[PDB]
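What follows is a single structure, written as structure tokens, with notes after it.
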Amino acid sequence: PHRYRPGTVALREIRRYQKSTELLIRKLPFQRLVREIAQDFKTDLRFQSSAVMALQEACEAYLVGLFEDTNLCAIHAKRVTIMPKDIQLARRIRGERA
Amino acid sequence: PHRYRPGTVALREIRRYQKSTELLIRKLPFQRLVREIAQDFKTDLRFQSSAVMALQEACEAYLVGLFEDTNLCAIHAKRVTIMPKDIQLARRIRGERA
Amino acid sequence: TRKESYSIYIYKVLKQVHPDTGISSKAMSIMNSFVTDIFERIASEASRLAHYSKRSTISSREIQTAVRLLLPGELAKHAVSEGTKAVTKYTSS
Amino acid sequence: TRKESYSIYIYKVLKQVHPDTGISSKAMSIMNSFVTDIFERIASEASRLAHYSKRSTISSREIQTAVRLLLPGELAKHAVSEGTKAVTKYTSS
Amino acid sequence: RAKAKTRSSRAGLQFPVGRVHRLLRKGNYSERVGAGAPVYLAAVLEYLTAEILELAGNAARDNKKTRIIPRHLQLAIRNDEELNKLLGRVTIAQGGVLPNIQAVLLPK
Amino acid sequence: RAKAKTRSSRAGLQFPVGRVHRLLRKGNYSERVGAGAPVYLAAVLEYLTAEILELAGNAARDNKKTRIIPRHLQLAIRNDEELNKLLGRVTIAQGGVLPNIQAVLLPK
Amino acid sequence: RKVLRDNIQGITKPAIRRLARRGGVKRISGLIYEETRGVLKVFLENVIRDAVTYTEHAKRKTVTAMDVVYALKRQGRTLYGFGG
Amino acid sequence: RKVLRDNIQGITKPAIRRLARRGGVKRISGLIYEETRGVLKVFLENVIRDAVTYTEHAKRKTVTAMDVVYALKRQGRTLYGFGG
DNA sequence: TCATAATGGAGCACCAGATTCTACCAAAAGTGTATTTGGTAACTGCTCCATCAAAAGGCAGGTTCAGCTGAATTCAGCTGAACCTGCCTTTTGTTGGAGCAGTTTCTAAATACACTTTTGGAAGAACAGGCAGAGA
DNA sequence: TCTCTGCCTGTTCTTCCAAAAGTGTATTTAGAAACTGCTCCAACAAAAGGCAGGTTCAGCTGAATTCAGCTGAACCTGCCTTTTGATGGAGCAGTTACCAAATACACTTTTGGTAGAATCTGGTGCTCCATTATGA
């Protein structure tokens with residue numbers, strides 16, 4: 001059976017997902033998460049569908065940017081694998097982390 | 001004769017300058033720099049003494065914060081020495097390079 | 001009377017919290033900058049809140065929502081408590 | 001009802017730069033957001049400039065300085081050129 | 001009684017000078033708004049709009065597409081240094097990201 | 001004519017309700033300003049001032065000083081999580097930094 | 001319908017991997033998925049808190065796209081394509 | 001007057017080292033000083049450009065502390081203690 | 001982990017520069033009218049959001065299985081630190097000269113504020129042209 | 001990373017209604033001129049403390065190797081999502097009939113700003129510690 005060497009399919013995936021623009025999280029679980037978070041601030045909240053879509057667009061843009069920073073921090077440490085410490089450093093220098 | 005090992009005086013100085021609040025750049029050289037790089041409004045600008053002092057306070061605050069981020073990046077790469085690449089990573093995560 | 005500042009009121013508040021403590025002139029300048037900056041933040045957010053909801057008036061509801069949006073966590077709770085208490089006392093009078 | 005938008009003017013500008021190119025409605029929504037965002041930036045900075053200099057009127061000097069403060073480099077240069085050309089043309093009428 | 005003509009036509013603009021003047025007056029920016037302030041602001045808005053639209057149409061043509069989409073606006077903005085700087089804190093819905101793989105990740 | 005009573009004294013505040021009302025009216029924040037808006041804003045500004053001054057006087061007491069200086073304001077702001085959040089993008093002139101050496105840098 | 005709980009785990013590992021691939025990440029630590037879920041939850045909490053504050057000020061019960069757009073813009077995360 | 005005399009070198013190596021020490025930095029590469037000079041030059045250029053735009057709008061010839069404070073606030077770097 | 005330097009903290013005395021604390025005074029905040037408009041307060045339509053049900057089909061989850069990357073250990077040279085001179089550049093204290101930033105009349109642009117009048121732009125509907133959906 | 005279909009959707013024509021245009025007046029605002037006092041700039045000088053350079057040399061950085069951990073890649077399955085289609089009603093937006101409440105205008109009084117003097121707190125020398133750092 002054919003096997004691609006590690007990182008070949010990863011590079012193909014990088015190209016595929018940087019080429020496209022669609023949302024990479026599933027809409028229904030993200031909506032459930034959004035409603036779950038929101039019920040701590042007010043009960044019996046309703047959401048416009050476009051509100052949930054705005055939240056998902058903003059969240060995915062934020063996470064893609066944070067992953068770009070994380071990959072830079074991983075490369076600075078002479079690694080290719082991103083680790084939680086890379087996310088932590090990117091967040092610290094962004095001012096998101098104390 | 002007496003010799004302190006490397007890093008002993010460096011740590012003494014870290015404590016000294018984190019304990020204090022005085023400006024760490026000489027005033028007259030910084031004033032010359034400020035007047036020089038006012039190539040905007042060619043020419044014949046005058047400066048209030050407090051204008052240059054506000055500039056110097058902002059500049060030294062900016063550089064101290066940037067050195068804090070640089071030191072975090074250097075530590076993340078398992079180093080004690082800050083290097084130009086650490087400054088570059090800090091400024092890129094901050095959004096200053098682009 | 002040419003300039004105006006919060007020094008008088010900052011010093012009243014200081015004598016409330018710390019009777020025996022003074023304040024430097026540079027510290028008072030920083031406190032003035034702080035009060036002006038926070039006033040700008042809250043007032044601007046209240047202005048935007050009124051514009052969003054198509055209202056002509058900035059009320060204490062706009063100020064309260066601006067405080068909620070701007071201040072973090074427990075600062076917002078205690079600021080809202082103080083503002084509501086102040087408006088209640090003012091209205092009773 | 002009957003909300004306003006810049007769609008008409010953005011399509012009129014598109015027909016100038018690219019006579020044969022169209023624009024999707026989502027793209028036109030992005031462009032409306034862009035125009036309103038930049039209008040808010042310029043207008044807010046011009047309001048601040050008028051306040052700083054203790055003026056009541058926002059004139060084309062305020063808009064010019066706000067454009068210079070807000071746009072970068074060549075964008076600011078070309079935008080100031082365009083606004084000045086527009087005002088010179090308007091006043092000559 | 002002259003038959004009236006838009007201030008955009010007087011200024012030679014496509015963007016609405018009258019609407020922009022009304023928005024300036026009613027935006028609570030100042031108590032007074034000058035005559036040439038809306039003309040200047042509408043001209044600047046038109047210039048920026050045309051700049052972005054030119055770059056976005058170039059991107060659309062490169063993609064062999066006849067229509068601009070949020071992806072083309074994203075590409076135009078992020079491939080331009082000045083526009084990227086101006087719109088650096090802005091996320092464009094359905095614009096994606098620029099294709100960019102770090103050189104050290106590529107096959108050794 | 002009843003003798004004047006300040007609105008601050010009616011609200012039980014130290015900060016100036018009348019000045020705050022005049023500054024809200026003069027800032028072009030909106031067409032109108034309610035009666036309780038200046039009272040609420042003065043109360044919030046006084047609360048925040050009292051918080052910072054409490055912490056700064058505590059810092060002054062720690063350093064055996066009987067007078068607050070910008071260093072003490074900095075210490076109070078940066079040692080408080082919420083005030084540091086509120087004033088995270090603010091530079092305090094002559095305030096310095098918090099003493100903090102990374103543990104990696106200390107002698108073995 | 002029962003009240004929602006534990007919906008962060010619906011941000012699956014493959015979804016996080018896709019978001020990382022769009023960010024240009026070639027290799028991912030196994031611990032990145034829980035870290036990512038925490039970071040996402042904090043971001044969503046911050047944005048939804050402001051969105052609901054805007055919703056409550058307007059005396060509405062529905063959170064609209066404009067409330068989200070205002071909450072994002074308030075945080076320096078301006079979003080185009082949903083209003084404004 | 002106007003000066004152009006290579007006085008970025010007036011921001012000396014010891015001054016940059018002191019700034020690094022207040023930043024908690026223990027060991028400094030020898031290439032950090034020219035890097036820091038470039039970074040400071042860029043920062044100062046931005047702030048002074050905004051400050052002089054503010055000065056020119058006011059039709060003044062003198063750059064005041066308020067111009068610098070406004071430029072810094074516009075850059076996202078609010079400064080207290082100079083009349084804000 | 002035993003003694004010697006070097007440093008930073010901590011008592012005291014002596015200022016001297018800054019805070020407090022008073023007095024005047026003028027600018028601005030209360031008082032109290034009229035008065036006008038913005039903003040609740042019902043009272044509906046009407047949209048839109050929220051449950052349900054139920055078929056595909058895609059996606060995610062769990063198992064290998066192996067390759068590759070992260071992590072450690074070692075080693076060596078390099079480079080940065082600590083120190084000591086000798087220099088030089090800043091800092092501070094003075095003049096002085098000049099520019100220029102604010103303060104006051106006065107006037108004349110220019111802006112706001114009202115009508116009616118037309119025009120432009122925002123809803124709708126009708127239609128064909130992109131372009132996503134598949135054919136190797 | 002390849003032609004032709006068929007649907008979605010962009011473009012484009014009609015209403016009509018909101019708003020932008022032209023007059024016609026009134027009036028604040030801002031520009032212009034002048035004038036003053038407040039910095040700002042610019043030389044001279046003179047201590048002295050930062051700084052620059054050179055020297056050792058100790059520790060850090062980087063390179064090489066090994067190897068175990070881990071994580072990609074592929075493959076089955078299961079599941080869950082997603083896409084219709086109802087429908088129940090929840091709530092949002094629009095239309096009236098007020099009315100509370102904010103604006104606007106004199107007038108008065110008070111309060112906050114600006115000088116001015118006194119004390120007094122913080123800095124600044126000296127000095128005595130008490131830590132730390134550094135090898136036999």
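Computed over heavy atoms, backbone and side chain alike; hydrogens, waters and symmetry mates excluded. So you know, we letter chains A, B, ... as the sequences are listed, proteins then strands, and number each from 1.
Of the nucleotides present, none pairs with J:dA21 by Watson-Crick or G-U wobble criteria with both distances under 3.5 Å. Figure legend. I:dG99 is base-paired to J:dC38; pairs are counted as Watson-Crick or G-U wobble with both atom distances under 3.5 Å. Of the nucleotides present, J:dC8 is the one that pairs with I:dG129 by Watson-Crick or G-U wobble criteria, both distances under 3.5 Å. Base pairing of J:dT82: its partner is I:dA55, meeting the Watson-Crick or G-U wobble criterion (both donor-acceptor distances under 3.5 Å). Across every strand in view, J:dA97 sits unpaired, with no contact that passes the Watson-Crick or G-U test at under 3.5 angstrom. Across all strands shown, nothing is found opposite I:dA136 as a Watson-Crick or G-U wobble partner with both distances under 3.5 Å. With both pairing distances under 3.5 Å, J:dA74 is matched to I:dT63 as a Watson-Crick or G-U wobble pair. Of the nucleotides present, none pairs with I:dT116 by Watson-Crick or G-U wobble criteria with both distances under 3.5 Å.
By the rule that a glycosidic angle within 90° of 0 means syn, I:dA18 does not qualify and counts as anti.
Neither OP1 nor OP2 of J:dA133 sits under 4.0 Å from any side-chain N or O of F:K108. Side-chain N/O atoms of B:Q48 include none lying less than 4.0 angstrom from OP1 or OP2 on J:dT39. Between E:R19 and I:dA122 there is a side-chain polar atom (N or O) within less than 4.0 angstrom of OP1 or OP2. For C:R2, no side-chain nitrogen or oxygen approaches OP1 or OP2 of I:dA27 to under 4.0 Å. Distances shorter than 4.0 Å separate none of the side-chain N or O atoms of H:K61 from OP1 or OP2 on I:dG99. Here H:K13 does not reach the OP1 or OP2 of J:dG53: none of its side-chain N or O atoms lies under 4.0 Å away. Within the structure, a side-chain polar atom (N or O) of A:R35 is placed less than 4.0 Å from OP1 or OP2 of I:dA50. Between C:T1 and I:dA26, a side-chain N or O to OP1/OP2 separation shorter than 4.0 Å is absent. For J:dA20, the OP1/OP2 oxygens have no side-chain nitrogen or oxygen of E:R7 closer than 4.0 Å. Taking 4.0 angstrom as the limit, E:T6 places none of its side-chain polar atoms (N or O) nearer than this to OP1 or OP2 of J:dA20. Residue B:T81 places no side-chain N or O under 4.0 Å from the OP1 or OP2 atom of J:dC60.
Taking atom P on both J:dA48 and J:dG125, the two are 11 Å apart, rounded to the nearest angstrom. Rounded to the nearest Å, the gap between the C1' atom of I:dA101 and that of I:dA23 is 31 Å.
A parallel orientation is assigned to the rings of E:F15 and D:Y6, their planes being inclined by less than 30° (bins at 30° and 60°).
Here I:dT85 has a south sugar; its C1'-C2'-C3'-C4' angle has a minus sign. On the basis of its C1'-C2'-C3'-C4' angle being positive, I:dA72 carries a north sugar. The pentose of J:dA34 belongs to the north class of puckers. Its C1'-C2'-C3'-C4' angle has a positive sign.
Comparing C:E62 and F:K3 by the nucleotide of DNA chain I that holds the closest heavy atom to each, the one mapping nearer the 5' end is F:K3. Annotation: of the two residues near DNA chain J, D:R55 and G:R60, the 5′-most nearest-nucleotide partner is D:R55. Between G:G10 and F:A35, the residue anchored nearer the 5' end of DNA chain J, judged by the nucleotide with its closest heavy atom, is G:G10.
Between the B:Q56 side chain and the B:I25 main chain, a donor and an acceptor come within less than 3.5 Å of each other.
For the pair B:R12 and B:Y4, the cation sits on the ring face: its NZ or CZ lies under 6.0 Å from the ring centre, inside 45° of the axis.
The base of I:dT31 lies close enough to the side chain of F:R1 for a donor and an acceptor atom to sit less than 3.5 Å apart. Under 3.5 Å, the side chain of B:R3 and the base of I:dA82 form at least one donor-acceptor pair of N or O atoms. One cannot find a donor-acceptor pair under 3.5 Å joining the base of I:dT20 and the side-chain atoms of C:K15.
Between the side chains of D:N32 and D:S7, a donor-acceptor pair is found at a separation under 3.5 Å.
A salt bridge is absent between G:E56 and A:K42; no separation between the charged side-chain nitrogens and carboxylate oxygens falls under 4.0 Å.
Annotation for E:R7 and E:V17: closest pair CB-CG1, 3.5 Å, computed over non-hydrogen atoms.
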